[PDB]
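Chemist: Give me a 3D structure for the following:
(12 chains, ligands or ions: 12)
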Amino acid sequence: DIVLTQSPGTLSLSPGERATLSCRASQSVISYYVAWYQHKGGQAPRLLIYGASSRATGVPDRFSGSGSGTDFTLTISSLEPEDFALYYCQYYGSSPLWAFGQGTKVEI
Amino acid sequence: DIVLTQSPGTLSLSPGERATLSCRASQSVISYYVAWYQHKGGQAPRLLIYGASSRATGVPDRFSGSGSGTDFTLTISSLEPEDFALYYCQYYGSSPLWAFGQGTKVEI
Amino acid sequence: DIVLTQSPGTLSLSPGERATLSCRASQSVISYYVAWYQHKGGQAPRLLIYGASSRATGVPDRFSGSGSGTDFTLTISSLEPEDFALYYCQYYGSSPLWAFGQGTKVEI
Amino acid sequence: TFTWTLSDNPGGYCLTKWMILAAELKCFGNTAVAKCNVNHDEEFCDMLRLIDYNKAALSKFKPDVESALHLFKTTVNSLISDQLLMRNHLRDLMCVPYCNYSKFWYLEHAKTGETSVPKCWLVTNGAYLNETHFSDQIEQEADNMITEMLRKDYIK
Amino acid sequence: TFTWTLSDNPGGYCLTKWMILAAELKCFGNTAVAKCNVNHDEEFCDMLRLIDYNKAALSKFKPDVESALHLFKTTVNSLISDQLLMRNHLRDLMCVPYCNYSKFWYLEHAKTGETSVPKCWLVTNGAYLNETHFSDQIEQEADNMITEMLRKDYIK
Amino acid sequence: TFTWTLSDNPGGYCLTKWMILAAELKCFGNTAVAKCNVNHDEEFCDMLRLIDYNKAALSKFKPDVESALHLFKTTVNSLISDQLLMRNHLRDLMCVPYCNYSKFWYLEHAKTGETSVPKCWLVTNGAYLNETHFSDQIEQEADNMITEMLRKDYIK
Amino acid sequence: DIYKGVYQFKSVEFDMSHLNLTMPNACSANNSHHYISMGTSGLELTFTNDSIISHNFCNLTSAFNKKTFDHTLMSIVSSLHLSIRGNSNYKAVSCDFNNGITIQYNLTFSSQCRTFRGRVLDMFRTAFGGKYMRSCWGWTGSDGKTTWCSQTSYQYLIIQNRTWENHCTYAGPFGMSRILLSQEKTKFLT
Amino acid sequence: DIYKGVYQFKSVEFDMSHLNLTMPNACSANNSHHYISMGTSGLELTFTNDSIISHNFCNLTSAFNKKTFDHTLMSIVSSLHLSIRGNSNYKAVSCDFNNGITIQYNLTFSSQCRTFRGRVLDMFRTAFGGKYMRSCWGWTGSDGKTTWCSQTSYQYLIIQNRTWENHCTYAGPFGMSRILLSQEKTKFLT
Amino acid sequence: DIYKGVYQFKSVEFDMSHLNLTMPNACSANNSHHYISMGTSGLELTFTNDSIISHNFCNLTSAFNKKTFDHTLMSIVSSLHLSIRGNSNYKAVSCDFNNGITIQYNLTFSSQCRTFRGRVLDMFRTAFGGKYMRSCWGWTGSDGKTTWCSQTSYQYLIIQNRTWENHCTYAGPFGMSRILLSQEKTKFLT
Amino acid sequence: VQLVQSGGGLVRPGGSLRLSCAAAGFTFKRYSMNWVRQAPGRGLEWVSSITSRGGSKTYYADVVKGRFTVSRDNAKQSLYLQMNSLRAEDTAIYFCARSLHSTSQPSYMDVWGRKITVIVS
Amino acid sequence: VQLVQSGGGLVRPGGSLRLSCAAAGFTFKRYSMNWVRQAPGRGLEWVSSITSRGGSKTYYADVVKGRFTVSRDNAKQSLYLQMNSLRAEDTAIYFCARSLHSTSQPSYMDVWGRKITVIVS
Amino acid sequence: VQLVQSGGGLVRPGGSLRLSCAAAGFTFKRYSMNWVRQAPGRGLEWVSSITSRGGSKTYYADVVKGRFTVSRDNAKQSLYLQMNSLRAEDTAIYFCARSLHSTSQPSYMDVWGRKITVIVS
Ligand SMILES: *[C@@H]1O[C@H](CO)[C@@H](O[C@@H]2O[C@H](CO)[C@@H](O[C@@H]3O[C@H](CO)[C@@H](O)[C@H](O)[C@@H]3O)[C@H](O)[C@H]2NC(C)=O)[C@H](O)[C@H]1NC(C)=O
Ligand SMILES: *[C@@H]1O[C@H](CO)[C@@H](O[C@@H]2O[C@H](CO)[C@@H](O)[C@H](O)[C@H]2NC(C)=O)[C@H](O)[C@H]1NC(C)=O
Ligand SMILES: *[C@@H]1O[C@H](CO)[C@@H](O[C@@H]2O[C@H](CO)[C@@H](O)[C@H](O)[C@H]2NC(C)=O)[C@H](O)[C@H]1NC(C)=O
Ligand SMILES: *[C@@H]1O[C@H](CO)[C@@H](O[C@@H]2O[C@H](CO)[C@@H](O)[C@H](O)[C@H]2NC(C)=O)[C@H](O)[C@H]1NC(C)=O
Ligand SMILES: *[C@@H]1O[C@H](CO)[C@@H](O[C@@H]2O[C@H](CO)[C@@H](O)[C@H](O)[C@H]2NC(C)=O)[C@H](O)[C@H]1NC(C)=O
Ligand SMILES: *[C@@H]1O[C@H](CO)[C@@H](O[C@@H]2O[C@H](CO)[C@@H](O)[C@H](O)[C@H]2NC(C)=O)[C@H](O)[C@H]1NC(C)=O
Ligand SMILES: *[C@@H]1O[C@H](CO)[C@@H](O[C@@H]2O[C@H](CO)[C@@H](O)[C@H](O)[C@H]2NC(C)=O)[C@H](O)[C@H]1NC(C)=O
Ligand SMILES: *[C@@H]1O[C@H](CO)[C@@H](O[C@@H]2O[C@H](CO)[C@@H](O)[C@H](O)[C@H]2NC(C)=O)[C@H](O)[C@H]1NC(C)=O
Ligand SMILES: *[C@@H]1O[C@H](CO)[C@@H](O[C@@H]2O[C@H](CO)[C@@H](O)[C@H](O)[C@H]2NC(C)=O)[C@H](O)[C@H]1NC(C)=O
Ligand SMILES: *[C@@H]1O[C@H](CO)[C@@H](O[C@@H]2O[C@H](CO)[C@@H](O)[C@H](O)[C@H]2NC(C)=O)[C@H](O)[C@H]1NC(C)=O
Ligand SMILES: *[C@@H]1O[C@H](CO)[C@@H](O)[C@H](O)[C@H]1NC(C)=O
Ligand SMILES: *[C@@H]1O[C@H](CO)[C@@H](O)[C@H](O)[C@H]1NC(C)=O
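Modeler: Numbers count the residues shown, from 1 in each chain, chains lettered A, B, ... in the order given. Ligands and ions are numbered 1, 2, ... in the order given. Have a look at this structure:
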């Protein structure tokens, strides 16, 4: 199977700082099918960066996915008090059909 | 509105002589939609030229429309006894849909 | 009418020797519509060559149609004991619709 | 279906006496002509564009050969289907029935005037193929037009 | 009907404010866009291929004109229908209504949102034609939709 | 439906062992092959023309590389769709799933043998798009053929 | 308005100024000044009776090997010069690349379509259409015919750079697209 | 006759001798003589087997700068010369432009499709088809193959001008339509 | 598996090694070795820091007139050399035709896409695709953009003849097909 | 091709009757129809016009707008003119003509009917 | 592919019976089918030939033209030959063949039935 | 665009009830549906998926394979999940998503519903 490993597990950064997440897959992954979702408590997961580099609708400039064909990073231009939540990396294809990471928490 | 002015009002030329008419429009006119008609007594109007330069079916070589935008003409190579009638010019488009001239009469 | 003349009438060659047939037409003939058939007694006629140079299905390499647009031929690379039969040349078109030769016999 | 011509048969195109080899007047309905004004897989349609362009050029432009040749190479050459032109060259080099763009055969309805898209009369060995050489091919076109006319007739 | 775009209206293309001259949003359904992704006879479709290429080129490649021009000559010309380009040049030289690819007209269904393939608005003598100049052409296009939509309506 | 070959499956083309990577014999019905005669938007039909030309050239002309190359640059290039070649080059430069012409996928009816026009199996990152990456694209293709055969089946 | 009750007539017009960065543009202003632009780099095409270059020199042996050399614009100039019918006489084409692209065409007779002017106006006709420098069929009678070549009364045609500052209305890349077909289509054996 | 009872078989044959004013034409009277014409100007392509030009000179510097010079025909000659596969050797092409157009191709060997004769016949093949001067597949057996190039037993090929006098049956513009796509297609680096 | 019950999903993969006799082939071996082949004759394109040719000569006056001369391979080299933007600098291209084809492209910088390296890599991009020597859009952020030209770290590019011995998995004739579209599309006036 | 006229007569002001030009010998539903009249001592003037197919667009001259109604029925191949609330100025001879408005060919009226007389007093 | 013969027998001159070659295993309506006989001591000769997709065109040999009749029914996939007024010269063995006449394929008879014996005296 | 949740509740192991996400406001049959859950204290995990149009291909996670059943009805735009033999490990909040798999669009879940609660004890 394919496992998506998210490092570091948690981030403790002050508002206005710049953050960089990371998603790692066991196999070699087609970057066309890598998406990032922001999950914030009551709110349903919110798509941010589909295609590993393209922002979704109504996504600020801050969210900007990146990464080569093996490493899948997500960075924040200047993290704000409104974007403290759980960040997931997702892959489509392989086994299982939809692969989700263990999650990464960003806290003050 | 658009008005078509035909000058001179009447023509009196001997048979076998050229007869040049005119058709003036107050507007800027596309030459593609200017047609000339010959109306003679009980006969219904007969199309002579359309598109300002194209002879209709069964029209002798004598009839020859011409003229650029805003300055249209009609010439008869050698007028014969049977081509004494009222010559009209029209335009399609503008206001009204069909605009007719006042009519030029050719006599002896 | 068109007549297909096959010469020589009868072939008597030892096994393992080349046998060359000939088909002649009175008129000029399109080489695209000329076929050869092998007829062996009880068996129905078997197509060998079509288009005057194309081997059919299940036809060994031995059979080889040829010929220009006027003189048609048919050669056998090395005749075997089982290829002793009547060889016909055929043409489609002209009068009648299907033209057949008189038949060339190959014997021992 | 909208039909366009460079020059000016209601709804279709018509061919002139000095323009066909041995006929005073032959021409085709609206349904068949529109296909040539939208498609480029038929060789008959390349004739229509060359025919239509030549008629307009003669009437509007005074005769001149060095200027008409240049406009042919730069501009008018694009009116000939390149795939069809260079396929028949391959069929000619392989000595198989090809088209040299001279004779076209078509089926015309007895009464309604309905007409197929003419197909080229192929040549080989310097001779045209008899009508019986491709008789089953003609039978395809006849049944194609049964369905095509029955499609429009039933729908009303 | 599969639809492809070089860049990123469900099932069809949509036009942005900065690419439409005098509107905020005009764009078309799935049925009409598919025809531009399969055929090359309509002059409107050559515009969508140019708009689509430009949008993708700007987002993914940094600005550079020396290299964008070269890729245009070698590669992007294939996105423009060559036969249509030379035809309108022939219609321009003969002083008949031609198209410089700017304005297009179409019919939009009041309720269903169905949209015809836009047809070019034709210019002659340096002036656009009024809608009344090709009124009978519009009446013909409206009947094409009726048969096309009723064909799908009966079969359900 | 008229058929086209430069060489010698009833009504359609068939693929030999030495022109398929990992199958002894695979080929298609009459309906699918006939589309490649008229259509030029499918990368699969460019394979059919190249396969057909190579079969004819090998059987009729003795081997020679200087004269086969020169006929390719002059004559055979017209058998490859010019727009498709440059589109897939643009999809390559932008790193989106493009077609490198090797593998194609299609649907075959269980009993009747009806076969869709094969569509290219796209590649990216040096890897074929995996079977489930375009699952919804296959579903519409299956529904496309349901209507296509039902229309012929009902009218009989 | 409304056609057949359930359809309505509407129009779409494309603003082609945003295609400025990726694909070129060719348009004319006022029958005397014509503009070809790529991105922000453009060209001045002026029909004038005024001569800029007097010397008979067009050498590109040294112009190409200079620090100042625009590759984007020199591509257009090479494409335009290669679409001229026949072979261009260097007796009638002068050049100056000291302070940018500057080439001169005499176009002076020193029969109407068989001259150097008619050949040059063929290049102008393809790139810039037939909006200007042409006379229509029916201006001189219903049986009066017009020459193939576009005719001008001017003598000199000058090409110089300009920096694009909206000299014109954007027309699209179709002008330069038609030049590509006609490039060296009628070259001579030489 | 009549098919399905309500359709009848009929044929149309185009008299394309009226396309002579606008688009060119390429004919072949017999094996030795072939014709390319535009309007009333034409060219004479003879596979003559004896020489006409003996001097070893082909210069076009003087030819262009002459009062007598046909632009229509020299466009055709320049189109045909650049369709020859590879590079034409001036050791084998002689030219003369004192009065009209005459150029001679030597085509003598001094292994069959790789010679200068095979390259010239490739230009001949595209312009005039394989109607003459080719041997079909099925003449020397059912497995006998033919060469790629068309072969000639003659020695020289002369191109001369000739006013058109209906030397053939008009073939249409497709002869030079294929030539335009052959022009400089296989040109060497030089 | 099976879709809609009465249809099944299956795939066909073409093997293009049997097209070798009639149409050419284009390949890359690892990331730095690339092969263009026709039949059994082939070419080797190597991206190396190792210089093979040191003399400052690329002369073809004698190359054409030699005892041995491969016309099939010289056709490919001429086609490739004519797909380079602008004019090739003979200060940067060296050639040696003593025994086989050997041409050296220098590609030393002496700004990323406006150099001689960026022009040569445009010829490489068309023939051999964008599989190698390119960086995709989304590698340096969601707003980072990639250059137009393919970039290389190597200095020299060598083209040498090499008999085909199955160095590749055949890709088809599309590499040379895209080259013929771009041949002399941007060739300068000179 | 031929357009056959119909209708005609004289009526006092207020009373009115429809005109008819039942053309035959060609395809009616494709061509657009027009109405032209000529007052005594006056030149030709346009009256009405209805487009082809469904006849969605009907155009009128402002002089006769509001009381002149133009309509067609492609099923019977006939063109009418329901002209109401007549006036002494309306007394003239009326014509029916034929025209097609497309990009293919210019605009003209080529096939006309014969005179229809109307007297109002 | 297989053409299955039928019919046959003997009959005195004056009356006759039809022949049948009900082919099966392929598409009947696409192919044009012929009739070939061979008199004892004589070579192969053509008898009749009917085209496909309706059988509009039927050609007969002039020797037997007028009394023979070739017909096909694509519904049941069978080919007939309605002989009338047989003659002692017609004693021979009769064959049925399959052919397709188009641009793609050359002309040739491909799949044959087996011998059918006809005796008349 | 909007997916509307439904179903949910509390049930002991042995019996179960189906979930529903009756999406409305868009073309249901053109998009492939998904099911995603999140165990308390655990991250997001995939549950099921059914393709667009006919929904021939249904994919399950190996953990819950054999007792879950994903189905859809494009006729009335409703998505189901028939659960059988629930377990205390299945207690979580469940989501319904929307996705389309083709060449034009990269893979992503775009429009989600609201949580559906399921407690099993
Ligand atoms: C040449 O074309 C380019 C691109 O086609 C034009 O530049 C683009 O112009 C648009 C609209 O003016 C710019 O969009 C603007 O973006 C900013 C934020 O980025 C926002 O404040 C504005 O409301 C507007 O949306 C766009 O950024 C700009 N550049 C690009 C790369 O698209 C340019 O105007 C054209 N020049 C001429 C002389 O026509
Ligand atoms: C045409 O091109 C030349 C070459 O770039 C331009 O001449 C230069 O203009 C700049 C202005 O920034 C001066 O600083 C340079 O001294 C000029 N000469 C050179 C050799 O670079 C010229 O300006 C261009 N034409 C126009 C109208 O801008
Ligand atoms: C451009 O103009 C003409 C075109 O031939 C040439 O100069 C003329 O030469 C003729 C004959 O030698 C004289 O009658 C004229 O007076 C010359 N000048 C002009 C302005 O016509 C020459 O090719 C060019 N001359 C210049 C000054 O650029
Ligand atoms: C440029 O010069 C030419 C001729 O040198 C001018 O063309 C003349 O235009 C007038 C307009 O009234 C005509 O009557 C003449 O016949 C034309 N000359 C010739 C020789 O035919 C042209 O107008 C000049 N333009 C400018 C701006 O000075
Ligand atoms: C080929 O063209 C040349 C030049 O046009 C022709 O030779 C001229 O013929 C005319 C007849 O009108 C003579 O008066 C001239 O003296 C000839 N020479 C020149 C230099 O003009 C020649 O006749 C043409 N060839 C053929 C076969 O018609
Ligand atoms: C055409 O070419 C042939 C062969 O190249 C020429 O005849 C040869 O001339 C050379 C010149 O030195 C001699 O060495 C050969 O012996 C000649 N004969 C042969 C058979 O090769 C011939 O002269 C050329 N034709 C013309 C008109 O110059
Ligand atoms: C380049 O790719 C080719 C695959 O064809 C390989 O090059 C060969 O490498 C082997 C082992 O090092 C040598 O024995 C051969 O001589 C090489 N070929 C040639 C033509 O020199 C290899 O995979 C790659 N070479 C690299 C990366 O240096
Ligand atoms: C490739 O180009 C480089 C740089 O242009 C050449 O190396 C330079 O050669 C010149 C010759 O005068 C020297 O002045 C420089 O010092 C050299 N080095 C550099 C870094 O510029 C190199 O010679 C060329 N390649 C070959 C094979 O000659
Ligand atoms: C060929 O030489 C170039 C430079 O001369 C090498 O490119 C370098 O690659 C390293 C990777 O370790 C980079 O860190 C350097 O920055 C590159 N150089 C430059 C100037 O950018 C290339 O790797 C060499 N290749 C071989 C096989 O020796
Ligand atoms: C490139 O081609 C040349 C010449 O065709 C080859 O060099 C010849 O190789 C043969 C081997 O059979 C030697 O006998 C010759 O002496 C070589 N030289 C010549 C001038 O013929 C060379 O081998 C080819 N390159 C490769 C890599 O095979
Ligand atoms: C097309 O020509 C007309 C003629 O006036 C003009 O108004 C319009 O702007 C032109 N379009 C373009 C894009 O140049
Ligand atoms: C297409 O790319 C795949 C992925 O590497 C490769 O295996 C295949 O050979 C390529 N096809 C061709 C025709 O080059």
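
Chemist: which residue packs closest to whatever residue of chain D ends up closest to ligand 2, ignoring adjacent ones?
Modeler: Chain D approaches ligand 2 most closely through residue D:74 (30.1 Å), counting by CB to the nearest ligand atom. Using the backbone N, CA and C atoms, a C-beta is placed for each residue, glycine as well. Nearest-residue entry for residue D:74: residue G:182, 3.9 Å, with adjacent residues in sequence omitted and distances by CB to CB, 6 or more residues apart in numbering or on different chains.

Chemist: ok so, going back, torsion angles phi and psi at the residue of chain D closest to ligand 2?
Modeler: Per-residue torsions, residue D:74: phi -80, psi -40 (degrees, to the nearest 10).

Chemist: Quick check: it touching residue G:125?
Modeler: No - contact criterion CB atoms under 8 Å: residue D:74 and residue G:125 do not qualify, at 9.9 Å.

Chemist: isn't residue D:86 right up against residue F:72?
Modeler: No - contact between residue D:86 and residue F:72 fails when scored by CB under 8 Å: they sit 11.5 Å apart.

Chemist: quick one, which of the two is more surrounded?
Modeler: Legend: neighbour count by other CB atoms under 10 Å in any protein chain shown for residue D:86 and residue F:72, higher for residue F:72 (24 against 19).

Chemist: How about the secondary structure of that one?
Modeler: Under the three-state scheme (DSSP: H, G, I helix; E, B strand; the rest coil), residue F:72 adopts helix.

Chemist: List the contacts of the one residue sitting closest to the centre of chain G.
Modeler: Centroid-nearest residue in chain G, with CA atoms, centre = their mean: residue G:124, separated by 4.2 Å. Residues in contact with residue G:124 (CB atoms under 8 Å, 6 or more residues apart in numbering or on different chains) are G:34, G:45, G:133, G:150, G:157.

Chemist: out of everything not next to it in sequence, what's closest to residue G:89?
Modeler: Ranked by CB to CB, 6+ apart and with sequence neighbours excluded, the top spatial neighbour of residue G:89 is residue G:116, at 6.8 Å.

Chemist: Could you check how far that neighbour is from residue G:43?
Modeler: Distance of residue G:116 to residue G:43, given as CB to CB, to the nearest Å: 21 Å.

Chemist: Can you name the element that comes right after the biggest helix by length in chain G?
Modeler: What stands out as the longest helix in chain G, according to DSSP state H, is helix G:116-128. Past helix G:116-128, further along toward the C-terminus, the next helix or strand under DSSP states H and E is strand G:156-163.

Chemist: so does that following strand get close to ligand 4?
Modeler: No - against ligand 4, strand G:156-163 shows no contacts by CB under 6 Å from any ligand atom, the least distance being 9.3 Å.

Chemist: Could I have the CA atoms of the helix or strand following that strand written out in CSV?
Modeler: Using DSSP H and E, the helix or strand that follows strand G:156-163 in sequence is helix G:174-182. What follows is helix G:174-182, C-alpha atoms only, in CSV (Å, rounded to 0.1, in the frame of the first residue of the first chain):
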residue,chain,number,x,y,z
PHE,G,174,-3.7,36.5,-38.1
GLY,G,175,-1.7,39.1,-40.0
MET,G,176,1.6,37.4,-39.1
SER,G,177,0.0,34.0,-39.6
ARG,G,178,-0.7,34.7,-43.3
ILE,G,179,2.9,35.9,-43.8
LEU,G,180,4.3,32.5,-42.6
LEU,G,181,2.5,30.7,-45.5
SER,G,182,3.8,33.2,-48.1
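
Chemist: Excluding sequence neighbours, find me the nearest residue to the residue of chain G found nearest chain K.
Modeler: Among all residues of chain G, residue G:181 sits closest to chain K, at 33.3 Å; criterion: CB to the nearest CB. Nearest non-adjacent residue to residue G:181, counting by CB to CB, 6+ apart: residue D:74, 6.0 Å away.

Chemist: what do you get for residue D:101?
Modeler: That would be residue H:172: by CB to CB, 6+ apart, it lies 5.8 Å from residue D:101.

Chemist: tell me the contacts of the one you found?
Modeler: Contacts of residue H:172 (CB under 8 Å, 6+ apart): D:50, D:101, H:16, H:19, H:23, H:25.

Chemist: Just those residues: which are in strands?
Modeler: Among these, DSSP state E puts residue H:25 in strands.

Chemist: As a markdown table, the contacts of residue H:172 with distance to residue G:54 and neighbour count would be great.
Modeler: A markdown table is the format used below for these (distance: CB to CB, whole Å; neighbours: other CB atoms under 10 Å in any protein chain shown):
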| residue | distance to residue G:54 | neighbour count |
| --- | --- | --- |
| D:50 | 48 | 23 |
| D:101 | 54 | 24 |
| H:16 | 52 | 23 |
| H:19 | 47 | 20 |
| H:23 | 43 | 27 |
| H:25 | 46 | 24 |
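
Chemist: can you list the contacts of residue H:172 in JSON lines and add distance to ligand 11?
Modeler: JSON lines is the format used below for the contacts of residue H:172 (distance: CB to the nearest ligand atom, whole Å):
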{"residue": "D:50", "distance to ligand 11": "28"}
{"residue": "D:101", "distance to ligand 11": "36"}
{"residue": "H:16", "distance to ligand 11": "36"}
{"residue": "H:19", "distance to ligand 11": "32"}
{"residue": "H:23", "distance to ligand 11": "29"}
{"residue": "H:25", "distance to ligand 11": "37"}
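
Chemist: close to ligand 11, is stretch G:121-130?
Modeler: No - Stretch G:121-130 is not in contact with ligand 11 by CB under 6 Å from any ligand atom; minimum separation 8.8 Å.

Chemist: next one: that stretch to chain centre, how far?
Modeler: 6 Å (CA atoms, centre = their mean, to the nearest Å).

Chemist: list the buried ones in it?
Modeler: Neighbour counts over stretch G:121-130 (16 or more other CB atoms under 10 Å in any protein chain shown) mark G:121, G:122, G:123, G:124, G:125, G:126, G:127, G:128, G:129, G:130 as buried.

Chemist: Need the CA coordinates for it. CSV is fine.
Modeler: The C-alpha coordinates for stretch G:121-130 follow below in CSV (Å, rounded to 0.1, in the frame of the first residue of the first chain):
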residue,chain,number,x,y,z
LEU,G,121,2.5,45.8,-51.9
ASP,G,122,1.9,42.1,-52.2
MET,G,123,3.7,41.6,-48.9
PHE,G,124,1.7,44.5,-47.4
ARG,G,125,-1.5,43.0,-48.7
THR,G,126,-1.1,39.7,-46.9
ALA,G,127,0.0,41.0,-43.6
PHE,G,128,-2.4,44.0,-43.4
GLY,G,129,-5.3,42.7,-45.4
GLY,G,130,-7.1,44.8,-48.0
